[PDB]
Amino acid sequence: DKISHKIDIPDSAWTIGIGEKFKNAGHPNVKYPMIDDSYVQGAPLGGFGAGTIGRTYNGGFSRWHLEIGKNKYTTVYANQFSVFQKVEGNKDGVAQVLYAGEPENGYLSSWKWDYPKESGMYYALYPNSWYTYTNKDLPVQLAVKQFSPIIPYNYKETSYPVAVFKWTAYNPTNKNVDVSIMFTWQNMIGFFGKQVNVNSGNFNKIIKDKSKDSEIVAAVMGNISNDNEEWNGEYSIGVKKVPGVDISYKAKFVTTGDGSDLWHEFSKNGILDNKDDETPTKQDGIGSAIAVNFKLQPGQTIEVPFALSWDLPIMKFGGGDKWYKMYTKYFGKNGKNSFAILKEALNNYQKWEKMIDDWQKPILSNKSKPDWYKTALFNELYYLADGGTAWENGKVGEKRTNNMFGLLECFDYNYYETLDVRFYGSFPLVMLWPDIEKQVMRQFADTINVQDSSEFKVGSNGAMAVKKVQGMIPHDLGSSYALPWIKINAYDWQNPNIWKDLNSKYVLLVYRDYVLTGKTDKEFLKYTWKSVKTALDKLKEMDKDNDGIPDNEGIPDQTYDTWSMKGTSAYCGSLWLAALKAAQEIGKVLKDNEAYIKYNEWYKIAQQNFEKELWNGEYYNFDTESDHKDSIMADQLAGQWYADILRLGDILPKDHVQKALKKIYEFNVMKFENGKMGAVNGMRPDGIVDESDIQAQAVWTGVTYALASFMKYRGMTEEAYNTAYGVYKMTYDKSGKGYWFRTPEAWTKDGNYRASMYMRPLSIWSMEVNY
Ligand SMILES: OC[C@H]1O[C@@H](O)[C@H](O)[C@@H](O)[C@@H]1O
Ligand SMILES: [Ca+2]
C-alpha cells in the first residue's frame, strides 16, 4: 500500500478489507419476518430528503432508499467503477471491475468480475468514505474518496441528490503505465414506482459542457415521457476533465445482455467508442459509460473527479399523496435537472470537502477523545440521510413558508418521527440542523388538539380504541405506506393516547430545543406554549391516587412497549418531574405567572412523593406496584438526564443520582457480558438479568448512549465511555456482530438483534452537547 500516503484518511475511519468475509454476524431475534440485509453495507450517498444509495464496502450499489420510506437491498450490477491498466510496451493490458463479487445470472458475463481479496480496503467516516486498490496485478494504485455534501447549519447542499467520487492514481513503479477509469450506470428509470413496462421509453444522451479552460462530459439517463410521476426523472453520471486526461464515453449499452458491447472496447485499450445514440428502449435495460484515460510516469500522481446525480423530483406515499422533494427548491421540479446538479458538484466539490473538514475538525482534533468514539459519533449520522427521510417542497398539484420533515423510526416499524424514540434520536438535528428540529416540533405542536374519533384495533390485546384524543401528543406522524404528516398515529401495537411518557417527552423536547439553540428563540416557545400546557394538564388527569404523578396502568404504556409499568415508575415519573420544571421555566420566560405557580406546586408535591415512593437507599425502584418493582432499570432517571442537558438543576438529590448511576454501571453494564455490550435494560438486585420481558433483557443502543451522556455530565467519565464502548464494539469491531451502517434498536446477550437501521442510537450525539 503506497496510495494511502497520497490521500487523507482520518485514523478514526471505520475500516474493512474489500471482499472481507465476516464470520460472526447477528440475525433478527424475533418470531416474525424482519429485515436482515447482511453485513455487506457502507456509508450512504445522497442528501436529506433526496433518497439515498448505499454503496457497500465490496463496491456495489446495493442498498436502495430512493423510494422514500422503503428499503430495497439488491445490487444493480451495471453500476460500477472499472479499471484498465497497461504497462507501456506490453502486448496487452488488464481490465477489472472494482467489485468483490459477480452477477447472479448471465447478464454482463463478459466483464471481469470478482475483484480479489487482500487487494484493497474500505474506510468510512460519514459523510466521507474511501476505497483503496492495491492489487499485485495493477501496477498503478488507486483510491477514491466519495461523499455527499452533508453539512451542519446548511439546508441547501445538504438536500442534494448527488455524490462525488474523487479519484487519486499513483504510479510507484519504474515504468510508464496507461490507466483508464470507467464509471458505468444503468438507466434506472422504472426501477421503482412504475407498474408496467419498466424500461419502456428509457433513453440516454450525452452532454458535453465546454466552457473556457474547462470540460464536463456527462450521460443523462431519462425517459421520453414527460409524465410528472414518482418513477420519472433522470440519473446522470459524469466527469470533469483535468490536465493529463482524455475523456471517452458510450451513451448506450445493453444491461440485460452480456455487456460485451461496452467491455470489448474498454478491455482492449481503456478507450470507449464515443458513440451517441438516443434511441429509446422497449424491454431491454440500458446504461451509459463515462471513462478517463491517462498515462502515468514513474512517481506521478493524478486526481480526477466523477459524480453521480439523480433528479427524481416526486415522492409518493402509499396513501396516495405526492410531494416534491426539498432539493427541487434549488434545481426545479420538472425532473429534467440531473445535469445541472451534477455540474454544480463537479465545479464545487473541493469547497464541499473543505466544509465537511471544517465541521469534523473540532472533534477529530480533540486528542483527549479516543478514536473509537469518533468512529461511532460520525458514522452513526448515516441514519439522518438513510432513514427514509422525507423533506417536502410542496404537494404535487397546489405554497407555505415551511418544509415539513420526517425521519423514520426504522424500516421494520415504518413510522415518521416517533416521539418516544426522537426523545433520544433527535440530538444530531437539534445540535447540527436546528431549523429542521424546530419545524418537527412545531409539527407536533399542531397535532396536540387534533381529535380523530374513529377506532382502530390495538394489536397487543385486540381492543378497539380511539385513533387520536384531544390533548394527547401522538406517537408518530404517519407511515410511508400511508399519509405522512396527514394521518398521524400509524402505530397500533399499543394505544399511544394513554401513554405516560409522550406528553412529558414533548415538553422536554420543546425546552431542549430552546436551550441548545442559545436560549434566544422566544417565538418558538410562544408557538408551542399552549400545547405544552395542554400536554401537562392532560397527563395530570392520569394521576389516579392523588400523589401528583401520572399512574402507569399495569400495561406497556410508554416507549418500552412490551414492558409493563404500574403505579409511579422511575422512568415516567422522572420525566414528569423534569417536564414540570421545564414548563416552570418557560412560564418565567414568557411571563405566564399563573402557569409558573401551578407547575411549581405540582412539581414540589410530585418530587417529594417520587423520592418517598421509589428511593431505596441505593437506586430508584423500577416502579411502586409491578411484580419485579425493585429491578434496576438502566433508564430509571431519564428525567434527570434531560434536566442536566436543559440546565434545570437537580430534580432529585445529587448524592442519590450518583448512587443510582454507580449501581447501573456496576450491575446493568458490568454484570452483563463483562460490560462489553452496553447496558441491559433490567437487572434484578441479585445481579441476574430481569427476564420478565424480552425488553428487560436487551440492551437498547440508544438508551445506552444516552446513559453514557448522563454519566459523562455527572463526572463519571470512565464509566460513561466504558458503557458506550460496548455499543461501539458490537456495532463496528471485528469481535462484534456486524451492524455497521444499520445500528439496531436492541440486542440480547447472544448478540442477535431487533430492528436494524434504527433512529434511537443517534443519541450518541447527546455525549457532545457543547457542540
Ligand atoms: O423497540 C420499542 C419501540 O418499538 C417500536 O415499534 C415503537 O414504534 C416504539 O414506540 C417503541 O419504543
Ligand atoms: Ca399517581
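This chain uses plain numbering: 1 for the first residue, then up along the sequence. Remember, it's 1-based here, ligands and their atoms both numbered in the order they're listed. Only this structure's heavy atoms are used, side chains among them; waters, hydrogens and symmetry mates stay out.
- Around the Ca ion (ligand 2), protein N, O or S atoms at less than 3.0 Å number 5.
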Evaluate side chain to side chain donor-acceptor pair (under 3.5 Å) for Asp501 paired with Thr559, printing each intermediate quantity in order. CA-CA 7 Å; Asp501 60 341; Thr559 203; 4.7 Å; no
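- Taking the six-membered ring where the residue is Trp, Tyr32 and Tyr413 present tilted rings, their angle falling between 30° and 60°.
- The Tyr758 neighbourhood of ligand 1 comprises atoms 3 (C), with distances under 4.0 Å to a heavy atom of that residue.
- Atoms of ligand 1 lying under 4.0 Å from at least one heavy atom of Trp499, given by number and element, are 10 (O).
- The closest protein non-hydrogen atom to atom 6 (O) of ligand 1 is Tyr413 CD1, 3.2 Å.
- Atom 12 (O) of ligand 1 has as its closest protein heavy atom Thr559 O, 2.6 Å.
- For atom 7 (C) of ligand 1, the closest non-hydrogen atom on the protein side is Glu409 OE2, 3.3 Å.
- Atom 10 (O) of ligand 1 has as its closest protein heavy atom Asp420 OD2, 2.7 Å.
- Considering only non-hydrogen protein atoms, atom 2 (C) of ligand 1 sits nearest to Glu745 OE2, 3.3 Å.
- Counting non-hydrogen atoms of neighbouring residues, nucleotides and ligands closer than 6.0 angstrom, the NZ atom of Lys70 exceeds 12 such neighbours.
- With a heavy-atom cut-off of 4.0 Å, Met759 does not touch ligand 1 at all.
- Not a single heavy atom of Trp563 lies less than 4.0 angstrom from ligand 1.
- Counting non-hydrogen atoms of neighbouring residues, nucleotides and ligands closer than 6.0 angstrom, the NZ atom of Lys663 exceeds 12 such neighbours.
- At a 4.0 Å heavy-atom cut-off, ligand 1 touches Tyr415 through the side chain alone.
- Taking a cut-off of under 4.0 Å to the non-hydrogen atoms of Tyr491, the atoms of ligand 1 that pass are 7 (C), 8 (O).
- To the nearest 0.5 angstrom, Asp545 atom CG is 5.5 Å from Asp543 atom CG.
- The local environment of NZ in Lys729 is crowded, with over 12 non-hydrogen atoms from other residues, nucleotides or ligands closer than 6.0 Å.
- Judged by the shortest distance from any of its heavy atoms, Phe423 lies outside the 4.0 Å radius around the atoms of ligand 1.
- More than 12 non-hydrogen atoms from other residues, nucleotides or ligands lie less than 6.0 angstrom from NZ of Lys540.
- Considering every non-hydrogen atom in both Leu384 and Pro428, the closest pair reads CD1-CB, 3.8 Å.
- The ligand atoms of ligand 1 that sit less than 4.0 angstrom from a heavy atom of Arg754 are 1 (O), 2 (C).
- Considering CH2 of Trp563 and CD of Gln697, their distance stands at 10.5 Å, rounded to 0.5 Å.
- Both tests do not hold together for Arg512 against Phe423: distance to the six-membered ring centre under 6.0 Å, angle to the ring axis within 45°.
- Using a 3.5 Å distance cut-off with no hydrogens or angles, the side chains of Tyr732 and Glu380 do pair a donor with an acceptor.
- Close approach to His475 involves these atoms of ligand 1, each under 4.0 Å from a residue heavy atom: 7 (C), 8 (O), 9 (C), 10 (O).
- Ring planes of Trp433 and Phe48: perpendicular class, angle over 60° (limits at 30 and 60°).
- No heavy atom of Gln494 sits closer than 4.0 Å to any atom of ligand 1.
- The OG1 atom of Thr568 sits 8.0 Å away from atom CG of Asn552, with the distance rounded to the nearest 0.5 Å.
- At a 4.0 Å cut-off, at least one heavy atom of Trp700 sits close enough to ligand 1 to count as contact.
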